[PDB]
Amino acid sequence: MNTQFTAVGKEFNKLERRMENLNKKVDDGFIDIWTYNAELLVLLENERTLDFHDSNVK
Amino acid sequence: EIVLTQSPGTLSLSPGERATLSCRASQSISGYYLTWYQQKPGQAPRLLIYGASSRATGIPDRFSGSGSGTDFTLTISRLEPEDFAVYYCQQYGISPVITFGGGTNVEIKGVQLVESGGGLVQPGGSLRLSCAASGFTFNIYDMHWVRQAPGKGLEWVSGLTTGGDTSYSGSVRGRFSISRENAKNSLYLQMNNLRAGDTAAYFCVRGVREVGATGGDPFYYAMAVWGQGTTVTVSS
Amino acid sequence: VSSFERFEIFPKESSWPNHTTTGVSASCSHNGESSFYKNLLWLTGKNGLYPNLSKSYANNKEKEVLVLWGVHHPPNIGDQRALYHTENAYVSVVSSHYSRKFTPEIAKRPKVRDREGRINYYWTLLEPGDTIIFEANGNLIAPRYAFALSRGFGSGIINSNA
Ligand SMILES: *[C@@H]1O[C@H](CO)[C@@H](O)[C@H](O)[C@H]1NC(C)=O
Ligand SMILES: *[C@@H]1O[C@H](CO)[C@@H](O)[C@H](O)[C@H]1NC(C)=O
């Protein structure tokens, strides 16, 4: 990771709904991507970790 | 604020006649700045004219004036014996200080406030007055306490804008003290160190719509409305 | 924020002799006593005496500047004639990048915080080197104070009750 000195939030009127549903779509997109990658990563890395142990004992 | 000088303090004239009165000061002083009154002795003041031209509500058309700068003027188209009265000259300083011409008798030849507490005290002593408000928004207007000896030129004791900029006279200041309440709809004047100069009648007075609110209430830089006043005296 | 502060671009004293300044209203209040916003001004005539204005500023501080102003929309006309003495509205708040004018009318509205009237608020950033001009026939809210600043990066905004 690189964690910026970040500011997440925005907020808008109701004549910007292009941008509202955008920024929703944007953020939810990114959120889901990190979520999916990280969940697979914990699964796989733990699988290979068990295999790493298994290998060393064998 | 500046010394005024009425012209004349008393006159004697006949029916079916005009009447020219000239209230003029030291300096030249901008002309939507004065307002003009009448009083029957026994009665409170009544308002007539403002800004050297223009006319108040509920009216004939006869009292009408002109003039600018140093010399402000109210003329009169017709005289009548119901007009038997002392007319006054009240101006809002830029140093926010009302100044007062000393009354002008015409002799003809052949909503509301309520004051509280007028009466006696000992000289050098201490006493308070109040006023209370009826039927409006005491929020808005710039208020004034005023004095008047019997059959004399007036004097202005104090006034205050609704933000907090006081104006007193340098002689009166400190011995009196004002304080205001809008939620309660009332005004207060705690007074101490009192001598015979205060031996006179006083009035609570509602002036100026500051800049803004809802209403059917325009503004001048004259008064809005007066109270019935009350007497105060030191004596022993 | 990287830098942020408050200064007095146009001191209330000596900015506007030729318009009476000190008028306020009673909704903008402090402990049950009337007021108006610190950073800004009303302007009105010298006993019903409106001249029309041209004023300006540009940066000497060499930092970036943040400026606010307003445009008067009375709920009735008798104010508009009485204060400013024109039914004409024409204002022109101008810069190199930004520029905009204003010519509003009376437009009646309901009581909102015991007010029908409105003042629409308008603002911009202003950099070093660039000049701003105000021109007007009244119906203004002016800067008394202005916000000096540098930029910042990465900080932001929260809604929270905790
Ligand atoms: C006000 O107008 C007069 C015109 O004679 C001028 O001399 C004076 O400098 C003006 N003041 C301002 C602040 O514009
Ligand atoms: C005010 O605007 C009027 C509109 O025509 C113009 O004639 C006059 O010269 C302007 N005065 C000033 C002081 O800008």
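Backbone-built Cβ (ideal geometry, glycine too); neighbour counts: all protein chains shown. Every number here is computed from the coordinates shown, using simple stated rules; none is lab data.
Among the residues of segment C:26-36, those that are in a loop (DSSP other than H, G, I, E, B) and either surrounded by fewer than 17 Cβ atoms within 10 Å (Cβ to Cβ) or within 16 Å of ligand 2 (Cβ to nearest atom) (or both) comprise C:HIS30, C:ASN31, C:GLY32, C:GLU33. Could you please let me know if C:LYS55 is more than 10 Å from chain B (Cβ to nearest Cβ) and either in contact with a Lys or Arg (Cβ under 6 Å, 6 or more places away or on another chain) or closer than 30 Å to A:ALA7 by Cβ (or both)? Against the criterion (more than 10 Å from chain B (Cβ to nearest Cβ) and either in contact with a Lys or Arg (Cβ under 6 Å, 6 or more places away or on another chain) or closer than 30 Å to A:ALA7 by Cβ (or both)), C:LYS55 does not qualify. Go through segment C:1-25 and count every residue that is away from ligand 1 (no atom under 16 Å from the Cβ), more than 8 Å from chain B (Cβ to nearest Cβ) and part of a loop (DSSP other than H, G, I, E, B). Within segment C:1-25, residues that are away from ligand 1 (no atom under 16 Å from the Cβ), more than 8 Å from chain B (Cβ to nearest Cβ) and part of a loop (DSSP other than H, G, I, E, B) number 4. Criterion first (within 14 Å of chain C (Cβ to nearest Cβ) and more than 20 Å from C:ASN159 (Cα to Cα)) does A:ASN37 satisfy it? Judged against the criteria, A:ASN37 is not a match. In segment C:121-140, the qualifying residues are those that are over 12 Å from the mean Cα position of the chain (by Cα) and away from ligand 1 (no atom under 16 Å from the Cβ), and the one that is farthest from the other protein chains (Cβ to nearest Cβ) is C:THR131. Just the residues that are more than 11 Å from B:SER53 (Cα to Cα) and more than 8 Å from chain C (Cβ to nearest Cβ), please, taken from segment B:22-39. Listed by number, the residues that qualify are B:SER22, B:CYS23, B:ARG24, B:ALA25, B:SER26, B:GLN27, B:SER28, B:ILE29, B:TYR37, B:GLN38, B:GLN39. When segment A:11-32 is filtered for residues that are of a type in the set (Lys, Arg) and surrounded by 10 or more Cβ atoms within 10 Å (Cβ to Cβ), the ones remaining, listed by number, are A:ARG17, A:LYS24, A:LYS25.
Okay, residues lined up against (1) away from chain C (no Cβ under 14 Å); (2) out of contact with any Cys (no Cβ under 6 Å at 6 or more places or on another chain); (3) under 28 Å from B:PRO123 (Cβ atoms); (4) of a type in the set (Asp, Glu):
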position	(1), (2), (3), (4)
B:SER158	yes, yes, yes, no
B:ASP165	no, yes, no, yes
B:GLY170	yes, yes, yes, no
B:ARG173	yes, yes, yes, no
B:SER179	no, yes, yes, no
B:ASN182	no, yes, no, no
B:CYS204	yes, no, yes, no
B:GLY216	no, yes, no, no
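Determine, yes or no, whether C:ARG151 is under 15 Å from B:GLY212 (Cβ atoms) and out of contact with any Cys (no Cβ under 7 Å at 6 or more places or on another chain). So C:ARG151 does not fit the description; no. The set of residues from segment B:183-200 being in a strand (DSSP E or B), among the aliphatic types (A, V, I, L, M) and surrounded by fewer than 16 Cβ atoms within 10 Å (Cβ to Cβ) is empty. Within segment B:99-116, none of the residues are over 20 Å from the mean Cα position of the chain (by Cα), within 19 Å of B:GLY207 (Cα to Cα), part of a loop (DSSP other than H, G, I, E, B) and not β-branched (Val, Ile, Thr).
Note on segment C:65-105: residues that are within 14 Å of chain B (Cβ to nearest Cβ) and surrounded by 13 or more Cβ atoms within 10 Å (Cβ to Cβ) total 14. Here's a check for you: in segment C:49-63, which residue that is not hydroxyl-bearing (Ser, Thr, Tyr) and not in a strand (DSSP E or B) is farthest from C:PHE7 (Cα to Cα)? Only one residue fits best here, namely C:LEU49. If you filter segment C:26-54 down to residues that are aliphatic (A, V, I, L, M) and within 13 Å of ligand 1 (Cβ to nearest atom), you find that the one that is nearest to the chain's Cα centre (by Cα) is C:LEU43.
When the residues of segment C:55-82 are filtered to those that are more than 16 Å from ligand 1 (Cβ to nearest atom) and among the polar types (S, T, N, Q), the one that is nearest to B:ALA52 (Cα to Cα) is C:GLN80.
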